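Trainee: following this: a sequence and the matching experimental structure.
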Amino acid sequence: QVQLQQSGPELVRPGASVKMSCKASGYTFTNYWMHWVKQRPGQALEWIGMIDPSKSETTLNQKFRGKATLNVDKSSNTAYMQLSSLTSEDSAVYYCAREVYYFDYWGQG
Amino acid sequence: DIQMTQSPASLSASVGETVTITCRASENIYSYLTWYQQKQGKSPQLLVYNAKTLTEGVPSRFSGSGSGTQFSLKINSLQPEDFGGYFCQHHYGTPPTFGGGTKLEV
Amino acid sequence: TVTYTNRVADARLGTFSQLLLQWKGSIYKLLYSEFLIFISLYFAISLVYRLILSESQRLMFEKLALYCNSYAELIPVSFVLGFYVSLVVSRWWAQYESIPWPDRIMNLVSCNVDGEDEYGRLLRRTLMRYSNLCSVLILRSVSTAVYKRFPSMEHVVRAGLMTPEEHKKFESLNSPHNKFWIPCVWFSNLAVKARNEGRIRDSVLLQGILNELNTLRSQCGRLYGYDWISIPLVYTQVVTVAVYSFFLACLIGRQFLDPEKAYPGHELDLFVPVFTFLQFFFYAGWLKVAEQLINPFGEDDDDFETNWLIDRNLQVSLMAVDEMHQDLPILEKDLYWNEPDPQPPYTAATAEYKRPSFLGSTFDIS
Amino acid sequence: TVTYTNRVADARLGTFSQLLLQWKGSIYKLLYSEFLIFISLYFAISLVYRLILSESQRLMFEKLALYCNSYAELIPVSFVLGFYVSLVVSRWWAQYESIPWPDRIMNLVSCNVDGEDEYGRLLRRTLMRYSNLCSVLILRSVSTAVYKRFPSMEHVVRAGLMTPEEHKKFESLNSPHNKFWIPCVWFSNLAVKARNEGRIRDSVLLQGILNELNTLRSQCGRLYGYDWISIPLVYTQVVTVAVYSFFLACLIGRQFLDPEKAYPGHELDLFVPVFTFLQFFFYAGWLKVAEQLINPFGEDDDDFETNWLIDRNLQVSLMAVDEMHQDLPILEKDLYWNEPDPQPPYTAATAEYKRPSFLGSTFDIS
Amino acid sequence: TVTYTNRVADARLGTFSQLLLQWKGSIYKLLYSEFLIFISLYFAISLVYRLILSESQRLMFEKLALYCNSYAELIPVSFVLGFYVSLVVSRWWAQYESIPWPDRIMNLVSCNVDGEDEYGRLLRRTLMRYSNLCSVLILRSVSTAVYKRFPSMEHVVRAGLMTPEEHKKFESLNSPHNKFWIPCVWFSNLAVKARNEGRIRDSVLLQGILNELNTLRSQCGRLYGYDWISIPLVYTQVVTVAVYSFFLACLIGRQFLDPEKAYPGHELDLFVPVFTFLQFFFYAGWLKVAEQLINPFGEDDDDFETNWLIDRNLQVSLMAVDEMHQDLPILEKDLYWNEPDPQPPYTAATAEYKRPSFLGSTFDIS
Amino acid sequence: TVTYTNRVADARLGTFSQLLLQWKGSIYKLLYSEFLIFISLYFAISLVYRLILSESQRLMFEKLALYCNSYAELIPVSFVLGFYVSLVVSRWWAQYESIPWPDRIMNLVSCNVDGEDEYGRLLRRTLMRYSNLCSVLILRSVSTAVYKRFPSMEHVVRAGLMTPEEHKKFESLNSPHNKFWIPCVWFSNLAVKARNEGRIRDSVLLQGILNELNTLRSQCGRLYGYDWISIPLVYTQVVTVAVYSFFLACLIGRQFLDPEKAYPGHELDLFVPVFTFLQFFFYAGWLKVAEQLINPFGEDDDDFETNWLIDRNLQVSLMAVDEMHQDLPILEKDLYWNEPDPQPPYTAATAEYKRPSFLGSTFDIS
Ligand SMILES: OC[C@H]1O[C@H](O[C@H]2[C@H](O)[C@@H](O)[C@H](OCC(CCCCC3CCCCC3)(CCCCC3CCCCC3)CO[C@@H]3O[C@H](CO)[C@@H](O[C@H]4O[C@H](CO)[C@@H](O)[C@H](O)[C@H]4O)[C@H](O)[C@H]3O)O[C@@H]2CO)[C@H](O)[C@@H](O)[C@@H]1O
Ligand SMILES: OC[C@H]1O[C@H](O[C@H]2[C@H](O)[C@@H](O)[C@H](OCC(CCCCC3CCCCC3)(CCCCC3CCCCC3)CO[C@@H]3O[C@H](CO)[C@@H](O[C@H]4O[C@H](CO)[C@@H](O)[C@H](O)[C@H]4O)[C@H](O)[C@H]3O)O[C@@H]2CO)[C@H](O)[C@@H](O)[C@@H]1O
Ligand SMILES: OC[C@H]1O[C@H](O[C@H]2[C@H](O)[C@@H](O)[C@H](OCC(CCCCC3CCCCC3)(CCCCC3CCCCC3)CO[C@@H]3O[C@H](CO)[C@@H](O[C@H]4O[C@H](CO)[C@@H](O)[C@H](O)[C@H]4O)[C@H](O)[C@H]3O)O[C@@H]2CO)[C@H](O)[C@@H](O)[C@@H]1O
Ligand SMILES: OC[C@H]1O[C@H](O[C@H]2[C@H](O)[C@@H](O)[C@H](OCC(CCCCC3CCCCC3)(CCCCC3CCCCC3)CO[C@@H]3O[C@H](CO)[C@@H](O[C@H]4O[C@H](CO)[C@@H](O)[C@H](O)[C@H]4O)[C@H](O)[C@H]3O)O[C@@H]2CO)[C@H](O)[C@@H](O)[C@@H]1O
Ligand SMILES: [Ca+2]
Ligand SMILES: [Ca+2]
Ligand SMILES: [Ca+2]
Ligand SMILES: [Ca+2]
Ligand SMILES: [Cl-]
Ligand SMILES: [Cl-]
Ligand SMILES: [Cl-]
Ligand SMILES: [Cl-]
Ligand SMILES: [Cl-]
Ligand SMILES: [Cl-]
Ligand SMILES: [Cl-]
Ligand SMILES: [Cl-]
Ligand SMILES: [Cl-]
Ligand SMILES: [Cl-]
Ligand SMILES: [Cl-]
Ligand SMILES: [Cl-]
Ligand SMILES: [K+]
Ligand SMILES: [K+]
Ligand SMILES: [K+]
Ligand SMILES: [K+]
């Protein structure tokens, strides 16, 4: 069964950096693009970017150009996202989703 | 970017009723639209993709329609479970922007 | 893919000059980064010579530049480029013609698989899809543009190119090799089953359909071949070594030496080597021709539009064997029914193109 | 299109020289404007040097000209031209042979679609028109000469190449892609319907007719391919950059410098650079070869006569399947009925061409 | 065999440069020994001149080097290489396409040889094996990679490509020539026997199977031809003589002469002839292209993977005619059943590749 | 014919160098006489200059040599050679593939001409012989090697390629032209007669046999064509004139002039012009490539082995249609009967060649 297990919740001070994970299982990791979505209360879901597990090709959202970084570990079947220069607005729920012309599997958050 | 405008912001209905949420595109996105259901605190779930096709678990009471810049989700014969969050997303290009969302309350 | 066919329809004043102003799939876009690095390295060396080197070091540099410049030889480089790019261009067009089109099978299946009933319809549609599936499977194996659209066999299914039952049958067949050939087998079997059900009259019509299938299989095989069998690496390396050898020489050899020292060939200092840069565009751009076409199924501007082809074929295929099965327009007498020597009209602009019949060179034009 | 085949039938004294006096589709007509601009720029520069520049500026110009002249290199330019023009010429002839001719389908339809009754006549005529329509549709998509004659689908109808019912059926079929393939489907369906009505005896004869159709479809596909897939833009740009680079050098480098200053290579002032202008005709004209044939369906003098082909095909097609259906001349015994080894006569002028049989190189000629 | 097709999919900054860092099937690996011998001979001569020769001998050596250097001419060598390597590369690809694939026979045998019973199964499997045997037999005759795997006819049997009964029948047929054609005869006979037993419906279907066999036979013939008819020895010798003549000249001519003596062209002593070594890689490497591809069935890195082909074909062949005989998936209505103009989805990364239909160059894009 | 295919299987250190030590069909064997004449004329002139000419005459000779040497230009000669030899090599391979092989007709006749009785045997054997006769007749017309073996039609008969009755029928047919086409007519007639006697089931099988015959006829026609239509004499003369012009210049121009007179370019006297002789081997040998392959059916070392082909075809043909008619080995279950994914073994030396399946460039290798 397809399952995306992200890391636990985090708490940091402004200006610092954070790196959360997402371990995929129940499907071939490299054959599906991994996306990352930001969820803030009252606002709409924001698309951060995507990553091609195979060649580690990243495609970010212009709005997150200098804030987010994506990379993967094909050996461990996990995807990562790093957020830098963290501020109060960078506080939210972050998901990782699998794409197949749609997001059919999300992480817990 | 392609702008997703969803309406109504919130809908109130009772069990048995039939509601209709609407997502409208800034520009032609053909049949590339998906509908998600998200219950407070939990992660979203895929309902409809490609504007019409229902996914695995989704019950027949759910149906999607539209094409181009006008789409709509229709839930006939509501249930207790069908209450919560509902939003759309286009899948034509990058970034795949999401809709504002819709709160379906009793 | 980058079609300028209409711009170059006539040989007028700026037929080719105009194309120098185009960016998409251009020499500028492909050479951009390389040129900048060349530019930088050149002027970097230039300043070191003009502002850093001592009078004695300058004399060594000048002797070094004369040495390098004598090894900037275009003739040998032009040879290997011409022959190599020709090989690339040859394979390039061969690969295009190896992209399978449904139209030939499409015509036969549409007219020779009987039935105006749901089954007859399902039969014809399923046959075509087996063809298109045979194609899509090989295309996503050779084209990065297609693969990124169908990264997994699930994508193929969800896109409507393969049914979940077909995918089940697909997996059931255990083979370590590329299964693109599977649908092609299904097709032949389904075509035979269709004939046994009486949906295909003779065996003559059946073999005719089986032949066009085999042709499509051969098409897919060619695509596999060109993808598998690359142009020998050593050959590719040779031409880059030759090209880079030239530009290495130019980096130092084409430096503007001291005008005062009066070196034969270096009487004028222009600071910017106009013709050397023009040679760079020529040769580096010539190499970029091969660089881009060595794999025409990639994501370059001038690489083939394989995804559109897939879409177009899907639409047209099914439409011709379904909505168009035994469905014709009303037969009428043609406008030239009683006219043995018709004289179709001409617009005002095209009257000059109404010519007398060319009978042959030998005949007197009288 | 510009046929001089008969002029060059024999290799006599002025076989090729004579062609230098021809204007239509000539090197002069294609180079005219470019040459004038070159001429102007040259002599403009020439006067600036002779009448405007100061003694000190003249010395700089002379040093600049020596610099430019050293970069006018024919060998590299000749390389890229030869290979590029070869590619163009190759596609040029391939495109011609891809122009569909009705004759092969024409022969089969005329003899294998039975009936000397109005329906049999209407059947054969409608089949051929579906072929010719399949062609005309693709031709007006790739040829500007044809399109300007059939700018709209209404023109096609009014010209008698398509009936209003067919146009109605045409529109009814919803597709975003080029519908040139439609008539080709109609044909196969109509051919099958014709066989079911008993107008086509066997399936062997039917498949034979369906095959020749598919061939015609493949022809139309090739035309579409060459129109769609242009020669890579980067390649085209490379050869113009190389060519223009040469003429840029010549503009200054080939200037007649001061004879008095006694520069090696510049001892004589002729004011007019005869051989440089001859090089311009050579290379610019060589580029014009590609410039004209890169799209042989345009409106150049040497571009194909596609509209005449359409007319000729229409006339001949229908005539062969209608007026010529099962219509033969009176069978007679041939003039050589009782002659096993006929000796056909020769005119006075051609008797020298009556040769003994060539048996093989190995045999003794005795 | 050394596939870098995916690396060169796009024309980016280091598309070709990156390949200079690869060892497998590279120019370095093929030139290694030769280069070292050249390096040695050069510097050996260099030291003799610098440390051994007397002042008078040094003057002779310098005169000898000027003589040799004047005969290091790249243009003539580049000519013969280009034409020769082109011939080699031509045959190289022709030989690949001459490697027989079962797929076409495979499709027919699988669907047109009736029977879901053990005999029908044994029949289909035996037919395919006769094809594959026809191939393996010719491959082990032309490929050293294959022969070393099947050095004796016993190896063929024990590997399961031929039964001991077949081997017995094989030996029984007395012929001094290569028997690779035997299985191809068995096939046609067995196919006929199968038809007489009623396992092959019509003769139309039988001839169709016999045709695909003959094609495979023609494939095997081509392989035999290229193996038998080598490129003429004299031609091969000519290009090596030309190449070696060049490097002989360079060995002495490219020596760094006394800077003090101020020979025109030899003003700087770098001890290591950078550009001469770069010319060696160019030309010796260019010759290595031909050297490697002159026999693409050998054991070079870039020689064909014939043994994998044999394995793949065996597996796929039998699977398609056995497990897949009249075995289809469940027919379903396709996802686009009620959709005349389907719009298959695109991934996020490939949406840019959804293009409007190319209608033709002549049409206004509006 | 001179097969060194196995020597050049791998690209090792002396892959091509080794071939310089071979005599059969070598550059040495073909150039021997010419080289000696060149050698002689050179040194003859050399001695006249060194020992005979007066001080004043020597000065004229030196001026003459400088004149001649300036006209020894390799670039123009290399051009015409490359293009001409390419034409020759092209026709050379085309002629080989035009040598008819019985195998395709052989397979059909063997399985589709019924009868295990003496007549059925005589029928099949006679059919094949009509094919082989059609070939032998054309071969002895184009090949001097074959003609010297069959100088007269009696030789053909006595060799067992034609019966005396056939020879009688042959003569009875009055025609002034080459009768190689006769057996090809007999075949088609005999094949039809065979079908009427019920020895050939359907017409589908008969036409299939008639087709393969026609193919063989087309093969014979090609051979006739290449023999009849030589490469235009003028073209051949041009390249020899160009080549000889070069060597004429070298004879005088490459003479070692007086070192004392200090002519630029002639500072050293080696008596023997090493590099000029190496150029002779290059160019004269390059011309010898064309010289040998211009007629590949002659008696050169590298000319085709047509007589062996005739022998091999005779043996194999009859054997396949006689001893092998409906004669198969015992059908067994194959060694992989219950194995869907067979893994054929590898010898110790070839295990490195067991590779994973190549799925496509687009797929991640994981
Ligand atoms: O079948 C007939 C054909 O002819 C026409 O096309 C013409 C264009 O109309 C021409 O204008 C064009 O060439 C124009 C340029 C000529 C100057 C070069 C002369 C040199 C020759 C060598 C020796 C030195 C002189 C060729 C370019 C020369 C530049 C090179 C590169 C620098 C180095 C040297 C010169 C001028 O540039 C033009 O300029 C225009 C703007 O710059 C461009 O776009 C314009 O298109 C619009 C159309 O409505 C205009 O309204 C608007 O101004 C603008 O958007 C044109 O595309 C561009 O080509 O190119 C075509 C000539 O074949 C016609 O439109 C079509 O029907 C068809 O394509
Ligand atoms: O099968 C046999 C062939 O032979 C005949 O054709 C001849 C013509 O008759 C020849 O006259 C013609 O060549 C003639 C020109 C030769 C001079 C060139 C010699 C140079 C060679 C290189 C070294 C320097 C010298 C070739 C032209 C040379 C010019 C070049 C270009 C300038 C630079 C150098 C020279 C002379 O020009 C002719 O002059 C005529 C007028 O000028 C033209 O038209 C004429 O045709 C009419 C026929 O009734 C005449 O009555 C009338 O006078 C006029 O209308 C001709 O077409 C034109 O060719 O060209 C053909 C030679 O193949 C015959 O008519 C045909 O049956 C067939 O084509
Ligand atoms: O479709 C897009 C394509 O693009 C990407 O590939 C890139 C590579 O990422 C590039 O890095 C590579 O080129 C890189 C080199 C460029 C410098 C040359 C610039 C010169 C141009 C001429 C003028 C002078 C400057 C091209 C080489 C230039 C060297 C030449 C030879 C010496 C003489 C001059 C320079 C740099 O070398 C790289 O260095 C790397 C290590 O050295 C190699 O391997 C690495 O791959 C790993 C991937 O995870 C890395 O993590 C890790 O560092 C290492 O293992 C790379 O393979 C190697 O290419 O080559 C490719 C460019 O097409 C992408 O990965 C793929 O999706 C796809 O292939
Ligand atoms: O698949 C692997 C292949 O490799 C092996 O073949 C080798 C040979 O074994 C090599 O020996 C041979 O090359 C050898 C020569 C190399 C020296 C040249 C190096 C130069 C390179 C350029 C720069 C300067 C140096 C290539 C020749 C170089 C000569 C040129 C010409 C003069 C001008 C310069 C040098 C040496 O000559 C050899 O010498 C031998 C005798 O002279 C010959 O025959 C021998 O074969 C017998 C085998 O049992 C020997 O026992 C016996 O000694 C003798 O009969 C060989 O045929 C002959 O090739 O050529 C092959 C290399 O591919 C192997 O046998 C085979 O399996 C297969 O063909
Ligand atoms: Ca590419
Ligand atoms: Ca044109
Ligand atoms: Ca090899
Ligand atoms: Ca010969
Ligand atoms: Cl050069
Ligand atoms: Cl195939
Ligand atoms: Cl410069
Ligand atoms: Cl030059
Ligand atoms: Cl087609
Ligand atoms: Cl001039
Ligand atoms: Cl040279
Ligand atoms: Cl054959
Ligand atoms: Cl050097
Ligand atoms: Cl020269
Ligand atoms: Cl013929
Ligand atoms: Cl010499
Ligand atoms: K121009
Ligand atoms: K002439
Ligand atoms: K590069
Ligand atoms: K070697």
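Mentor: Received it, and whenever you're ready, just let me know what you need. Numbering: from 1, shown residues only, chains lettered A, B, ... in the order given. Ligands and ions are numbered 1, 2, ... in the order given.
Trainee: ok, which stretches of chain B are strands?
Mentor: B:4-7, B:10-12, B:19-25, B:33-38, B:45-49, B:53-54, B:62-67, B:70-75, B:84-90, B:102-105 (DSSP state E).
Trainee: compare those and give me the one nearest ligand 16.
Mentor: Ligand 16 sits nearest to strand B:53-54 of all the strands of chain B, at 53.0 Å, using Cβ to the ion. C-beta coordinates here come from the backbone N, C-alpha and C atoms, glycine included.
Trainee: so is the closest one next to chain A?
Mentor: No: between strand B:53-54 and chain A, judged by Cβ under 8 Å from any Cβ of the partner chain, nothing touches; the nearest distance is 9.3 Å.
Trainee: helices and strands around that strand, which ones?
Mentor: Strand B:53-54 sits against strand B:62-67, with contacts defined as 3 or more Cβ pairs under 8 Å, 6 or more residues apart in numbering or on different chains; DSSP states H and E.
Trainee: list the buried residues for the strand it packs on?
Mentor: B:62, B:63, B:64, B:66, B:67 (16 or more other Cβ atoms under 10 Å in any protein chain shown).
Trainee: rebuild those residues as TSV, extending it with distance to residue C:25.
Mentor: TSV is the format used below for those (distance: Cβ to Cβ, whole Å):
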residue	distance to residue C:25
B:62	45
B:63	44
B:64	39
B:66	36
B:67	32
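Trainee: of those, list those near ligand 22.
Mentor: Among the buried residues of strand B:62-67, no residue sits close to ligand 22 (Cβ under 5 Å from the ion).
Trainee: count the residues that sit near the residue in chain A that ligand 7 sits nearest to.
Mentor: For chain A and ligand 7, the shortest gap (Cβ to the ion) falls at residue A:55, measuring 32.3 Å. When neighbours are counted by other Cβ atoms under 10 Å in any protein chain shown, residue A:55 registers 12.
Trainee: name the SS class of it, please.
Mentor: coil (DSSP: H, G, I helix; E, B strand; the rest coil).
Trainee: run through the residues that contact it.
Mentor: Residues near residue A:55 by Cβ atoms under 8 Å, 6 or more residues apart in numbering or on different chains: residue F:364.
Trainee: that one and residue C:303: what is the separation?
Mentor: Relative to residue C:303, residue A:55 is positioned 17 Å away (Cβ to Cβ, to the nearest Å).
Trainee: residue C:285 too?
Mentor: 17 Å.
Trainee: circling back: which member of the buried residues of strand B:62-67 is positioned nearest ligand 3?
Mentor: Ranked by distance to ligand 3 (Cβ to the nearest ligand atom), the buried residues of strand B:62-67 are led by residue B:67 at 33.5 Å.
Trainee: residue B:52 touches residue B:65, doesn't it?
Mentor: Yes: using Cβ atoms under 8 Å, residue B:52 makes contact with residue B:65 at a distance of 6.4 Å.
Trainee: now do the strands in chain A.
Mentor: With DSSP E as the criterion, chain A has strands spanning A:3-6, A:18-25, A:34-39, A:46-52, A:57-60, A:68-73, A:78-83, A:93-99, A:103-106.
Trainee: got a list of what whichever residue of chain A sits closest to ligand 14 touches?
Mentor: Per Cβ to the ion, residue A:57 is where chain A lies closest to ligand 14, at 55.5 Å. Residue A:57 makes contact with residue A:51 under the criterion Cβ under 8 Å, 6+ apart.
Trainee: what bridges to it?
Mentor: residue A:52 (DSSP bridges).
Trainee: how far away is it from ligand 23?
Mentor: Distance, residue A:57 to ligand 23, by Cβ to the ion, to the nearest Å: 20 Å.
Trainee: picking up where we left off before, so which of the strands of chain A gets nearest residue E:153?
Mentor: Among the strands of chain A, the nearest to residue E:153 by Cβ to Cβ is strand A:46-52 (50.4 Å).
Trainee: stretch B:90-105 near chain E anywhere?
Mentor: Yes: against chain E, stretch B:90-105 shows contacts by Cβ under 8 Å from any Cβ at B:91, B:92, B:93, B:94, B:96.
Trainee: for that stretch, buried residues please.
Mentor: Applying 16+ other Cβ under 10 Å to stretch B:90-105 flags B:90-102, B:104 as buried.
Trainee: what do you get for stretch C:249-263?
Mentor: Applying a neighbour-count criterion of 16+ other Cβ under 10 Å, one finds C:249, C:250, C:251, C:252, C:253, C:254, C:255, C:256, C:257, C:258 buried in stretch C:249-263.
Trainee: who's in contact with the second one?
Mentor: Think residue C:250. By Cβ under 8 Å, 6+ apart, the contact set of residue C:250 is C:68, C:69, C:72, C:276, C:279, C:280.
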